[PDB]
Amino acid sequence: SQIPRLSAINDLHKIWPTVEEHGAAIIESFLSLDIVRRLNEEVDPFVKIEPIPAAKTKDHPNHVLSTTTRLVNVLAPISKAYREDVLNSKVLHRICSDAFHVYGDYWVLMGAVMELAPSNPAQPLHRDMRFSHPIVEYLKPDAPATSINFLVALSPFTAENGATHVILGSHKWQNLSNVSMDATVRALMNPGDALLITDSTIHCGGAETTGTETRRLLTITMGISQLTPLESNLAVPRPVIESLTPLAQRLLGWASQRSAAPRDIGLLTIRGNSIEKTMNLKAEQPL
Ligand SMILES: CN1C(=O)c2ccccc2NC(=O)/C1=C/c1ccc(C(F)(F)F)cc1
Ligand SMILES: [Fe+3]
Numbered sequence: 009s010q011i012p013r014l015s016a017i018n019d020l021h022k023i024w025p026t027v028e029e030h031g032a033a034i035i036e037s038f039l040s041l042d043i044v045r046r047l048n049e050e051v052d053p054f055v056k057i058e059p060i061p062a063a064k065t066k067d068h069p070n071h072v073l074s075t076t077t078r079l080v081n082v083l084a085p086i087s088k089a090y091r092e093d094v095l096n097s098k099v100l101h102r103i104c105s106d107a108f109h110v111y112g113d114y115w116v117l118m119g120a121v122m123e124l125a126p127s128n129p130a131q132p133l134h135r136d137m138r139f140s141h142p143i144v145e146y147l148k149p150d151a152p153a154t155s156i157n158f159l160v161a162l163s164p165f166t167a168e169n170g171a172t173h174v175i176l177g178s179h180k181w182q183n184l185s186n187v188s189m190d191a192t193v194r195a196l197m198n199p200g201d202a203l204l205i206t207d208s209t210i211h212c213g214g215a216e217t218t219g220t221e222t223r224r225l226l227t228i229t230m231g232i233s234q235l236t237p238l239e240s241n242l243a244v245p246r247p248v249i250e251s252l253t254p255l256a257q258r259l260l261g262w263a264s265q266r267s268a269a270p271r272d273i274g275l276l277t278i279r280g281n282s283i284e285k286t287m288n289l290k291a292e293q294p295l
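In structure tokens, the structure reads:
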């Protein structure tokens, strides 16, 4: 039983409902080839200069990812295609709003570009958020998902190069006795395609068996504004922040946030007013 494939043009309303039911879905043409081209162009350097996840020069090292992994967050100042294009995506926001309406506003927990080197071993099956948000394990089982992950293929995802393994229906599992690699299906995709999984879906990156292929992805974690992001955008230049849209500014934490409570008092407010009003932050300016 393979992962459902969907359209970013025709079947838009069916995407969240699918993930909801299966835990995963592939969105073909999630990003256009032109956008994926510029994204790669722009992040290429940073991917090569990034050190090991657990580098010694880091005060917040990551001991979970492997040495063959390279990750780059805080992509707003690096890429114009991310901050203008991806962040304002109508396919993304439709899915996000459909998924997180019960809770309210959402934002970006992380937007990272990940490049796996050749001979990169498979990861162990895991659920996201368990190394940053321990509170996600104390949620009831029927609680609607608090975060969803968009893994966008920046290059081909194949069986030889390590295409993601997913266990379907695993987001509705409490008992992890059936966790095994045999129960998984693959996510084959071309550049621009996106696998969409929730925070409770058991998945993993596969093994790179060729020795020559480099696999790259753009991973965007979206979550409710009630949870703290993994990455901070506090040091992003104001000129860059002021060149964004309001929606892009609020996704990055440069805005106040609301919740779905009927008489919501807000998040990140300053004596009744917004972050944006208080600092008189403009939008859509040039850089
Ligand atoms: C700790 N971790 C991340 O670092 C991470 C990396 C990129 C984007 C989101 C993200 N948040 C997570 O939940 C996460 C899961 C996770 C990653 C790798 C392995 C490995 F071990 F397998 F490698 C296991 C578990
Ligand atoms: Fe993961």
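Residues 9 to 295 (the deposited numbering) are what the sequence shown spells out, left to right.
All C-beta atoms in this analysis are idealised placements derived from N, C-alpha and C, irrespective of residue type, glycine included.
task: Return the CA-CA distance between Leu133 and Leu20, expressed in angstroms with no decimal places.
output: For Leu133 and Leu20, the distance between alpha carbons rounds to 29 Å.
message: What ranges does the alpha helix (DSSP H) occupy inside the segment 13-74, keeping only unbroken runs of at least 4 residues that lie completely in it?
response: Listed in chain order, the complete alpha helix (DSSP H) runs (minimum 4 residues) inside the segment 13-74 are 23-30, 41-57.
- prompt: Run through DSSP, which three-state label would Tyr114 get?
  reply: Note: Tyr114 maps to strand in three-state DSSP.
Residue span of the beta strand (DSSP E) that contains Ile232, given as start and end: Taken as a continuous stretch (DSSP letters only), the beta strand (DSSP E) holding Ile232 covers 223-232.
query: What are the boundary residues of the beta strand (DSSP E) that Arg258 is part of?
result: Counting along the chain, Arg258 falls outside any beta strand (DSSP E), though it belongs to the alpha helix (DSSP H) covering 254-259.
query: Taking the C-alpha atoms as reference points, what is the distance between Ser15 and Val160?
result: Roughly 14 Å between the two C-alpha positions.
message: As a quick exercise: from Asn198, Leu73, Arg258, pick the residue whose alpha carbon is nearest that of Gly274.
response: Comparing alpha-carbon positions, the option among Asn198, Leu73, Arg258 lying closest to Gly274 turns out to be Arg258.
field: Where the beta strand (DSSP E) through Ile205 begins and ends
entry: First-last of the beta strand (DSSP E) with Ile205: 202-206.
Any non-hydrogen atom of ligand 1 closer than 7 Å to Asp67 Cβ: Outside the cutoff, so no.
Cβ-based burial, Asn169 [other Cβ within 10 Å; buried from 16]: Per the 10 Å Cβ criterion, buried.
- request: Give a yes or no on whether the C-beta atoms belonging to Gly119 and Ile228 are separated by under 8 Å.
  value: Taking 8 Å as the Cβ cut-off, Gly119 and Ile228 qualify as a contacting pair.
message: Tell me whether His134, by its Cβ, gets closer than 7 Å to a heavy atom of ligand 2.
response: Relative to ligand 2, the beta carbon of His134 is positioned inside 7 Å of a heavy atom.
- prompt: Out of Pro152, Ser127, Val121, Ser74, which has the shortest C-alpha to C-alpha gap to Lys56?
  reply: Among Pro152, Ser127, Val121, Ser74, the Cα nearest to that of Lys56 is on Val121.
task: Label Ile103 either buried or exposed according to how many other C-beta atoms from any shown protein chain fall within 10 Å of its C-beta, with 16 as the threshold for buried.
output: Of the residues assessed, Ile103 falls on the buried side of the cut-off, its CB having 16 or more other CB atoms within 10 angstroms.
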